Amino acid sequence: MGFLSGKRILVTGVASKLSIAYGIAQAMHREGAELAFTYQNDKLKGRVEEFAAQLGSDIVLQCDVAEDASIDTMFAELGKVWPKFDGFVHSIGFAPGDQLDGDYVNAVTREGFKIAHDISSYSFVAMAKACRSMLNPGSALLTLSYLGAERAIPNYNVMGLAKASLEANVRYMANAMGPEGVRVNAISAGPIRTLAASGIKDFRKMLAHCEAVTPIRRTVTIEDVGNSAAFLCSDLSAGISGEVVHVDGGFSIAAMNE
């Protein structure tokens, strides 16, 4: 048996075999976790049920994180099979496409700001509120952030604020839930070409420039972050809570190349 052996983990945001959530699910199953999955729309229902079936999982439940009721119904359905379980992965992020186009202060709008912060930052607590009573002692919660939280990156715009809010969310959640044996962490992942990479401007050239100046000298993959994710949600990470772990290849800690 590998680590995460006796663990039951819920994985959100699996929209593709390219999704970060797929890479994470693969690693967690390889390490022997019993998984459950969610999907937003009925367009995804077909795909997620198969990825879940490949990974050996009967549990595949709809959930749009915009709605408090949707979240409650999902954890009620999950309760029928998983009365208690050992945490979940928050791999959801959205902001109206047009918000990420050009100059930040031009693009940004009150509604763009709301949706971005609601879906990418609050969604994480909403979900933790709904299943708090089901979490086992020693359980672990994980989310995914980007360097845009810490720095001003062109055309990332409002998402950077949502991610900043999210990283603070990890901190407060970890602090609130610590005492009851629950750890909350985040992975600040490097740039990967997934469903969130389109229709982003200059994404090809951005990865090329990013792979030249990142110390490890390659762009990170969904396997690398899946591995860290599995570790963060495992008892090997029992001493880590409220932390924003950079699975960056070392990009963020360098400056001025070449």
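Residue indices: 1-based, along the sequence shown.
Per the compared records, residue 202 is unresolved in at least a third of the other entries whose models span it. A summary of the deposited B-factors shows that, of 167-175 and 183-191, the stretch with the larger mean C-alpha value is 183-191. Taking only CA atoms, the mean B-factor in the PDB entry is higher for 74-82 than for the other of 74-82 and 118-126. Among all modelled residues in this chain, the alpha-carbon of residue 198 has a temperature factor (C-alpha) in the highest third.
In the deposited entry, the Cα temperature factor of residue 55 places it in the highest third of its chain's modelled residues. The entry lists a Cα temperature factor for residue 221 that places it in the middle third of the chain's modelled residues.
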